Each structure stands twice: as structure tokens, then as C-alpha cells.
Amino acid sequence: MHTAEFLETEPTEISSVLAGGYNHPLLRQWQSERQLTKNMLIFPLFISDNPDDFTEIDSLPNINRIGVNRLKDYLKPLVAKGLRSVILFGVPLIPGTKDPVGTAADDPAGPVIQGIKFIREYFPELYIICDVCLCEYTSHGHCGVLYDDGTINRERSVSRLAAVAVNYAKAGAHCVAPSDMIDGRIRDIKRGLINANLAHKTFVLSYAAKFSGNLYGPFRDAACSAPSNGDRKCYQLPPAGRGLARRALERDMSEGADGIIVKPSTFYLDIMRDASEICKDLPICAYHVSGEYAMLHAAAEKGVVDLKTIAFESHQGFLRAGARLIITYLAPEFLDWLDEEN
Amino acid sequence: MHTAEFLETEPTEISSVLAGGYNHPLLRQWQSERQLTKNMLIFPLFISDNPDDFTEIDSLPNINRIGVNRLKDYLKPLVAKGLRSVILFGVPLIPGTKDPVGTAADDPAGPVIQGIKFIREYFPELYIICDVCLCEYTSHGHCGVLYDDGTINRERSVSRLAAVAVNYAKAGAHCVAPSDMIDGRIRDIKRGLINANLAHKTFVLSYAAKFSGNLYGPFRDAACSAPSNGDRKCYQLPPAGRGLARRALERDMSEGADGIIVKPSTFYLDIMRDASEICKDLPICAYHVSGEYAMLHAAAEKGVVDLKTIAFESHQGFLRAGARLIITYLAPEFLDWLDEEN
Amino acid sequence: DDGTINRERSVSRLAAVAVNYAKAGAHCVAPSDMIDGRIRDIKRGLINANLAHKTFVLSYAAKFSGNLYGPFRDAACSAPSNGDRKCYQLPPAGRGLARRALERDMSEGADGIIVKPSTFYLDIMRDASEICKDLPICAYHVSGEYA
Amino acid sequence: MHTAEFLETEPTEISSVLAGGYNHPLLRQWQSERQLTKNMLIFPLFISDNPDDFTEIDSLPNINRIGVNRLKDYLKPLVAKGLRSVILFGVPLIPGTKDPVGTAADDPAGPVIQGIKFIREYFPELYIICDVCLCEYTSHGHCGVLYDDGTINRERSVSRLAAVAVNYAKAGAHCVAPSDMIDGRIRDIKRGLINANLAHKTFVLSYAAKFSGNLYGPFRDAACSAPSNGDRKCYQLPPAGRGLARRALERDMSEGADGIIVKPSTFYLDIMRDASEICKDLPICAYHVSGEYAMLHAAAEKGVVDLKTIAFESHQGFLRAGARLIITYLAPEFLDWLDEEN
Ligand SMILES: *C(CCC(=O)O)CC(C)=O
Ligand SMILES: *C(CCC(=O)O)CC(C)=O
Ligand SMILES: *C(CCC(=O)O)CC(C)=O
Ligand SMILES: *C(CCC(=O)O)CC(C)=O
Ligand SMILES: [Zn+2]
Ligand SMILES: [Zn+2]
Ligand SMILES: [Zn+2]
């Protein structure tokens, strides 16, 4: 008869026993480097020039184009549940608005600056963050000033970027986050802020490690800046580019960045890890891109994973990889989930 | 008129310019720490006791229950395309087979050992890896010998595990990978192998960092060992448990592991990063669990990302995080994709 | 009878009490004695009692002798005097010993370490944060600091 | 009967035995990284414009407002007991003295510069240190030149600070310690000193890590610069700001600081620890702020701790955390305590 065999073993080595540290539910919390709090979430917003807008993108519940006139009733509840911050994305829909130099970027009458004045008044405790780029304002759609050759003209673009950034700060935005990727833009924005005597009031949250890939789908649909699928990648770091990513982090920090953002998040967890050592003194933020979040919804839909569970696992993943800040479309949800206790 | 402003900037610092290294397609390859080769893929197999089986699980194309009699025609093409290895998972379906001590685990007539003899003969170049656990053979389903109290009895289970492992090695398997998680099992298996005078022929590929979570869904459906949803987590590391994960890696390596596996993969990229430093001298393998792969398919289905693209991005992610080996259900595909060139 | 502490006897005694608490239902045991090697003996006892996988060993790895345990002594009734008979209590300037005690306890099975006092020993939690970088670190705001 | 149980134990491991190193009183001294000497203490002084002043603040024995005419009889004994240094704090009480630009800061006839000339003559061996700030001279009270907006104007303030610092040096002060916190002030003061051809004679003791908090109470009462309670915190580092503190240390050292000060002390011991690695080549000084010392007195009063004991424990704490210098109001006492021996 085939019988159950058992090998001859020695006494248990203490050094093999780790189970004493994670056998209780509360211990599973004790074991985490950092716990998830509501004041760690940054909710993204897509302001439309149509002050009466409210368009849902790709069926994703936390991705809408809202006009200033709907902003109150939408932000009201959120702030009530504990939302402490948001990152503004302008979507100028009015015809003949976009152009070669993204002039509308700092248009005092655009969705961004108008959104700032609104928030700064209807919600003075909220911390306003503004994404800085020319992609949603240039006729071509790229994140900068290109030559007739097509390529990006560093100097011109960067000089343009510093202008928009400083203008947002002047408008009342507490923080600026350039997602362009053009070399040296962080230094030029820091300088501009310095000369504008705003460097001591504006947090520079640089998109230090933004990789090109197959996960920005939804976002492109909503921000309208349509790069195709994945060919025209400006300063977007190749996915395998760990070396460049590490160098970009040391660069941006050296150029004035007060905090860095890694994105995508989930698919780049080892990168936040590297950042956690390089930028060990700076707040690290993870960006759960529109594609990752749209991916969680899909799988959940097909019942491949529970939505609420995979969100916690994924988000805690950010915290574990080294991040202490999180920009995510799941913010509305977490503002609820984080409460369920007591 | 709102005009496009441009700030006063200084001459470009060389140290800001990184674009010179990733502006060409071939350079994007030059920038990667390691390139993806076909001999890096480990295709998982689920052997059934019904020698004539061939059941597709959850609609996932690369997750099937195959009997020995279908194994040839299935492995034929794969090996032709370059498959160099597979990790065996036994699924005994015959009634009254499973029991309290997972006796059938090393059953010379079971799917695993029978699968080994088959492969070792019909495909002598293939490298055989066998997952070592009691979960798919115990009446209860857990990965070990539990007390009447329910809990796992370390000593008994581990002594049992070393037995099965050594028996697989004796059967002809080149490598054993214990996915249990019970403390000290690696040392007991190494010893058993040593005493069985097989330690110099069997690669011990330990599941050093296996986290409990919401991503093993599909696999449970196919391996039939049904832990519920996510409550009875044996030695499964809490997702936030980076400290424990780091300690488990140092432990397993110290206990004889010749290589380590991190799993899940994508959601634990920072962990392969940590492993890449801790186990800097050992091959690191990433396991693209059934749930992550089922997640890529879902999102692709809803057209959230291109399947072939997100697979390359995700898999290259493993290589970038430090891994040099990959166990994935996408192996059939990659064996094709990796070819398209010349 | 000499007054001094008998390591072997005491430690053997300590492992007994610890394991008994675990057997009673306590999830975690924290030995605040300071006697060398007690962590290993308690870990073993727990192992033999087949409780090592359910009991978190929260060792008082860095407990310094000093002028801050006043209140606590009044309440726990165990009255060492003022500050003379300090058993395995680390001298306040003893950073080296504190660092060694941390590596020892962790190596002996501790699942987490406690530093105490807290405030007056913040640089020590700092050292611990590197030494025991993989273990939960706990600070003890002693009765004297709070008072 | 409940009997005393004793577990079965193995032979003692040498590696568990540390007691051989601290079982004797002299060994407790042998174990310290550095011993406490009298020439390590810096006694603070608050000079008043009333040359005949002598006011005790908040009942704290070593916190008095003294005029030049009382300075001798007060410093006489102290220097006799071994005092080798003091840090000057000016308290101009004369009406209409303070203003918007802290003009009186380097007033050749003010308490500070007058105090320097006095000391330099009546006690030539004493090492004079001068705190550099505008807080005790500006009409508003803040440590710098503010805009009508209220905020601090970096450029103006810093340019002002370098002026005062260099003037103190010109007056005869051996060392300058800017406690402002304004970014870049260290570099501007170093430069000024360089241009004043005094950089090779003046030790720049920067307040690199000065945290805002609830411990400067007493001091505010005596220096008269009354920021409220704890709201208007200029460049004061948030208590949780370890990252910023680490960056500020690397900055000040890079800007010319010859030594750094950490403050508060006790409540920031881990910070001196960080400093001990960052500024491993520079003397590190701890500042036992007025609030910590007032706290020791209180607890001692209520008989919670012995004054003389907790002072030694706390102060040795500074030395252990990495400090080799100590600014404390307990200096008179220690100059006595350090003697009791032989
Ligand atoms: C990044 C986030 C895109 C997404 O959510 O899909 C926007 C940016 C780089 O500014
Ligand atoms: C791990 C892989 C599970 C999956 O593919 O979903 C199996 C194991 C831990 O043995
Ligand atoms: C430590 C705490 C004493 C106090 O709170 O004052 C007690 C112990 C060492 O067990
Ligand atoms: C710091 C010391 C304050 C105190 O003793 O309470 C004075 C300064 C920052 O110049
Ligand atoms: Zn852009
Ligand atoms: Zn198992
Ligand atoms: Zn000041």
C-alpha cells in the first residue's frame, strides 16, 4: 500500500520561526511599514471649459469632466468624508482654443486657473495641486513646443512650462506637478518660482518617473489630448529603463523637487523602491493611472477579483513599496472604506 | 489678449539631459538590465489522474487539466517553439484519494510522479520542476498536516513535505519548489535531499515570498484545492509584510534554497527588488499568478489595454525588478512573440 | 544568597511563566527582565509548547536603568529603591551594549522589540530602526516621562 | 498546589552574555562613547539694555536678564569653576528700539555688541558665541524681514542676517549662530564673513535643525520676542519632519557651517543621531531649550525625578546621541557636579 512517509528531522531552529509575528489580524497591521490614512489620497479632477459640464468617461465612475458650476455639489461630499487634496487637469473644449505654444495653458479664464479660484474659495482647507503640461493645450497634443520637424524643442518648451507653473502658483495653487518629462524642466520651474518669490509657498511635485506604456488609455479619452496608442513617446521613460528612472530621480530632486511621483504605480513598484532610497528624504507619491484602475474594474466585473479587496491590496502595495502619498481615482471609495471601523 | 508667456532661462545643464540615451528603438533595449529570452519561461501544468483528461479552466486558454495521454500532443509544439521548462501541479480527481496526511502527495501512481516519468521519456531535454505541497492532496485542502484544532502542525507537516520533495527527486524531477510557507521546511527538504544523496542534482526553488491575497482565484478552480476566498491563510505573508518577506528570503536562502520565487509578481515588484539585493547571488523567479494573468485577459477583453503589449510591459517588469526567471501562463504566447524578428 | 541574579535558574523560570501566559490565552509575551539569553529560552519553551506560531515575542531589548520609573514602582509595588540595584539594566550611556542587545534578542527569536524609556532614548530607537529594520519597533512612554 | 515550574534549557550561549561589560561602576563609564567634560558646556546669557538689570525669568534660576554692570560678578564665579563659553542673546528693552528691519540687531551700542566688548576685556579666555537673528529686534518679533503680506522675505532678511553676523564678528565675537531658519542664510553669512576677511577666525555654528514646538515657553518670556504659542512658525521644521531636518543638515554644512546645533535636544535625540552620520566630521551641539530645562525643574519639584540625576541622564543622552557640545541652562550646576570626585 502506498503509505504516507515522514522524514527524520532535527529540532526546530528559532531562526526558521517567523509565524509568531503575523498570526493575529492586528499583527498584520503591526507588520506594515506605514498605514493608510485618508489624508494620503489625492483625488484627480478634469475641469471642462463648459462651466455646466459633467461627462462620465469610458464608464469609469471616478473619471468625469466637470465644469465650475457642478464642482461644488461634487466636491462637497468628498471633502466631508475627509478629502484633503486634489490634482487639477484642464480640458479646454472650446474650439480654436488649442495652439502651437499651448497659450491657453495659463489662460486666466481657463478651467485650471478658474478651478483654482473656485476651490480656493468654496473649499479653503483643500490642498490644490496642478498638473503642469502643454499636452492638453497644444494643437498637436504633445506635452511641449515641437519643431516643424516634429520633435520637441527643449528650451522653448521648458521656458513655456516654467511660465504656466508660476502662473498657476500666482493663481493660488499650492503645488505644481510637471508631467512633461522634458530634461531640466524642474530646475527652470524652481527658478521661475524663486524669481516670482513663490518658491517658499509652492510644493514642486515632479513626475520624476513617468513611463510610457499601455496604461494611459482612459485618461487620454477624458483629457482629450489624444496621443494615439503608444508610438510618439516624448520624454517617456522606456518600461525597462531602470537606469534612466534612477537618474531622473536624482536629477529632479537635485533641481528643486520637494516630492516625487512614480507612475504608473502597480506596474512600477520596484521603482518606488529605488526612489525610496534615492529620494529617502522626500515624500514619494504613487499614481494609480487610469489604466490600472480601469483594469481593476474590468477584472472585478468578470469576477476575477473583489474590487474592494484588490484596491486595498494594490494601494497598500504603494505604501509598502515606499510611497506615502497616493493619487487615485478610487479616492471616493477609500474615503468610505478607511472609515469602516470602531 | 492672453499671450503665451516664456520665462528667462539659463543655459542647459548637461546633467539634465538624459534623452540622449533613449531616443532610438534599439536604445530602449540597450537600457534594460536584462533581456527576455525564451529559455527564461517556465510553463505550468496541471496533471489530472484521468489519463485522458483535458479540461479548460475558467475560460483561460493556458490553464488546463491534462492527463498523461494528452500530454504529448500538448507539449510537442511548445517544446518545438523553445520551451525549456515546466512546473508540475498534481490534481488527483479520483474519489477517496485525498486524506489527512496527503498520502497521495508522493503516490508513485499519481499525476505528478507519472507526469515526471512521462516527460523524462517523451521530452528528455525539458527541465522538470515540481511544486511541493499537501494542499491538493489533503482532505481539508490546506497546505499541510493540521491538528484537530485546525491549525497547522509544523513538525509533522514539514516532515511530510521533505518526504514528498525527496520522492519527486527520486522519481526524476530536476527541481522541487515548496509553496507551503511553513517555517523551516526548506532546511528539512535540503537535509532529506542530502540524506537521499540527491542534493547535488536537485535545484531547490523555494517559494520564499508567497503573499496571501485576492489573486489566486483561477488556480484554485483548477487545482481543486479550494481554500474559500481569503481567510484561512496558513503561512501566507500579509501583503503589507515587507519585513517578514525580507526575513523569509534570508531564511530560505540560508536553509539551502538554490533559487527563490516571488509571488504574486506584478503586485509585488518592490519585493523582487528587495530580493535582488538579499539573494543577489541566487536566481530570482517571478510567478505571474493565475489572477494577474486572468486580470490581463479581462482588461484586454474590455479593450482597456492590448493583450500582447501589457504582457510584454508586465513581463519586462519582472526582469527589471530583478527577476531572471518567469513562471507564466503566457508562455505559449511568448514562445511565439519572442520569435518575431529577423 | 549572595544577592546577585542566577541567570540559568531565573531564565529557566522566565520561560516557564511566559509559556504559561501563552497557554492561558495571551497572544504576546514581553520579558522585561534583561537577563542575558532569556529570549532564546522563552522562544524554545514556546516552540516545545507548540505555541511559537501563535505567540508574538515582544522583547524589552533596550531597557535602560534610570530616574524615570518612579510612578510605576509605586503601583506595581515591586519597590526597587531609587536606582542602585540595577540588574541587567543597561547604563544610560551604554549605546554599544544597547546595539548588541538588539542584535541578540532579534537573533534569539524576538518578533518585535521595545525601547525604553522612549523620549530620553530616541537615538536608540533610531539605531534599532536600522538593526531591527525588519521588526516592529515599539516605544515605551514610561510612567516617569508621562508623569 | 501551584508550584514554581522551570523549563528544560540548553547550555548558555556566549553570544547572550553581555553582562560582563557593565557589572562595575567604572565600567558604566567605560561603555560610554564620550565622557562629559566642563569645557563642553555653553552657558546662555540674555543681555539687557539696562546696564544695571538683573531680572529672573519665570522663576528659573539660570535664566536672567543681566546688564553689563552686573555681568562681572555673575560671570566671575562661573569662569572660576571652569566655564569656557557662552552664547549671547540680546534683549533691547528701551522703547522705540525695535523696528521693521531689526536695525538695532548690530547696534554698536546694543546689549550684544556691548556684551562682546565687555567679555572680551573682563574675561579674555571665555569663548564668545552670538545668536544671530532679527526676532528680538524687529517690531513684529519674527526672525526676519517680512512683507506687508506678513510672510518672510528671504532675500532681504538673509542679506540683513549676514550683516548682523559679520558685525558681531567685527565686534570681537569668536562665533556666530544663526537661529533664523531662512533657507540659504548660512551661505550668505559665510560669504559676508569671507569678504569681511573674517572667515578664518569665526566659527559658524548654524542652528541646522531647529524644530517648532511647545518647548520654547520660558525663553520667549525672557527674550521678549513673543511669538504667541505656536502658530506663526517661520522656517521652523515640523516635528515629524525628519526628511527636511536631514536635508537642512546637508545644506548648512555645504554652505559653510563649521558645526551644527540640534534643538530641541531631548525630544530630538534621534535627530542628533542622523546628524552624527551626516555631519560626521563636524562638531554637533545639542540645545537643552528653556522648556526642557523648565520641565526637569517642574517634575523634580513634584518629586517625579531627582533634579541632579535626570540632568545627568538627559545630558549624557546628548553625548550618546552623538553630540559633543551642549548649550544648557544647567551649566552653573554641572560646573559643580563635574567636580565632585577625587
Ligand atoms: C498621468 C495619469 C494618466 C492616467 O491617469 O491614465 C497624467 C499626466 C502624465 O499628466
Ligand atoms: C501558486 C500560483 C497560484 C496561481 O497561479 O494563481 C501556486 C502555489 C503557491 O503552489
Ligand atoms: C517598564 C515601564 C515602567 C514605567 O512605566 O515606569 C516596566 C517593565 C520593565 O516591565
Ligand atoms: C533657542 C532656544 C530657546 C529656548 O531656550 O527655549 C533660541 C533661538 C532659536 O535662537
Ligand atoms: Zn503632457
Ligand atoms: Zn499548498
Ligand atoms: Zn529669531
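Labels below follow one simple rule: chain letters A, B, ... track the order of the sequence lines, proteins then strands, and each chain is numbered from 1. Quick note: numbers below take in every heavy atom, side chains included, and nothing from hydrogens, waters or symmetry partners.
In this structure, chain B has no heavy atom under 4.5 Å from any part of A:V158. If you measure heavy-atom distances from A:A300 to chain B, you find no contacts under 4.5 Å at all. Of the two parts of A:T266, the backbone and the side chain both hold a non-hydrogen atom closer than 4.5 Å to a non-hydrogen atom of chain B. Of the two parts of A:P100, neither the backbone nor the side chain holds a non-hydrogen atom closer than 4.5 Å to a non-hydrogen atom of chain B. Heavy atoms of B:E277 lying under 4.5 Å from chain A are absent altogether. Looking at B:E250, neither its backbone nor its side chain comes within 4.5 Å of chain A, counting heavy atoms on both sides. Heavy-atom distances place no part of A:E292 under 4.5 Å from chain B, backbone and side chain included. In this structure, no portion of A:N229 lies under 4.5 Å from any heavy atom of chain B. Using a 4.5 Å cut-off between heavy atoms, A:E301 touches chain B through its side chain atoms alone. In this structure, no portion of B:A105 lies under 4.5 Å from any heavy atom of chain A. Looking at B:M295, both its backbone and its side chain come within 4.5 Å of chain A, counting heavy atoms on both sides. For a residue to count as touching a neighbouring chain, one of its non-hydrogen atoms must lie under 4.5 Å from one of that chain's; by this rule A:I271 touches chain B with the side chain only. Only the side chain of B:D188 comes within less than 4.5 Å of a heavy atom of chain A; its backbone N, CA, C and O stay farther away.
Put simply, of B:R160, B:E13, B:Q35, the one with the most heavy-atom pairs under 4.5 Å next to chain A is B:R160. In terms of non-hydrogen atom pairs under 4.5 Å with chain A, the most contact-rich of B:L237, B:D99, B:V164 is B:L237. If you tally non-hydrogen atom pairs under 4.5 Å between each of B:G217, B:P108, B:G21 and chain A, the highest count goes to B:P108. Contact count against chain A (heavy-atom pairs under 4.5 Å) is highest for B:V305 among B:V304, B:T309, B:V305. No other option in A:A104, A:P239, A:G102 has as many heavy-atom pairs under 4.5 Å with chain B as A:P239. Here A:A294 is the residue among A:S276, A:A294, A:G241, A:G303 with the most heavy-atom pairs under 4.5 Å with chain B. Of the residues considered (A:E155, A:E8, A:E5), A:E5 shows the highest number of contacts with chain B, using heavy-atom pairs under 4.5 Å. Heavy-atom pairs under 4.5 Å with chain A were tallied for B:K302, B:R247, B:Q316, B:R156; the largest tally goes to B:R156.
Annotation for B:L26: atom CG counts as buried by contact number, over 12 foreign heavy atoms lying within 6.0 Å. In the displayed structure, A:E33 atom CD is contacted under 6.0 Å by more than 12 heavy atoms of other residues, nucleotides or ligands. Atom CZ of A:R34 has more than 12 neighbouring heavy atoms from other residues, nucleotides or ligands inside a 6.0 Å radius.
Residues B:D274 and A:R273 come closest through the heavy atom pair OD2-NE, 4.2 Å. Contact record, B:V101 with A:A4: CG2-CB, 3.6 Å, taken as the closest heavy-atom pair. Of all heavy-atom pairs between A:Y235 and B:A19, the closest is CE2-CB, 3.3 Å. Contact between B:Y268 and A:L269 at its shortest, heavy atoms only, is N-CD1, 4.0 Å.
B:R191 contributes no side-chain N or O that, together with a main-chain N or O of A:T9, makes up a donor-acceptor pair within less than 3.5 Å. At distances below 3.5 Å, at least one donor-acceptor pair connects side-chain atoms of A:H2 with backbone N or O atoms of B:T103. A donor-acceptor pair is defined here as one N or O able to donate and one able to accept, closer than 3.5 Å; no such pair exists between the side chain of A:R242 and the backbone of B:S32. Proximity of a side-chain donor or acceptor of B:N214 to a complementary backbone N or O of A:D306 within less than 3.5 Å is detected.
Taking 4.5 Å as the limit, some side-chain heavy atom of B:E313 sits within range of a side-chain heavy atom of A:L215. Under the 4.5 Å side-chain criterion, counting only non-hydrogen atoms from C-beta, A:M272 is not in contact with B:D270. Side-chain contact between B:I189 and A:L7: absent, with no pair of heavy atoms (C-beta onward) separated by less than 4.5 Å.
Screening B:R185, B:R251, B:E255 for a side chain to side chain donor-acceptor pair (under 3.5 Å) with A:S16, the sole residue that qualifies is B:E255.
In this structure, CG on A:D106 lies 9.5 Å from OG1 on B:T3, to the nearest 0.5 angstrom. Within the model, atoms CZ of B:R320 and CZ of A:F267 stand 10.5 Å from one another, a figure rounded to the nearest 0.5 Å. Rounded to the nearest 0.5 angstrom, B:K233 NZ and A:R28 CZ are separated by 10.0 Å.
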Query raised in the report: Yes or no on side chain to side chain contact (heavy atoms under 4.5 Å, CB included) for A:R187 and B:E10, after CA distance, side-chain angles and deciding distance?
Result: CA-CA 10 Å; A:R187 168 193 88 160; B:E10 297 171 48; 4.0 Å; yes

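Scanning for side-chain hydrogen bond (donor to acceptor under 3.5 Å, both in side chains) contacts around A:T12 gives B:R154, with sequence neighbours left out.
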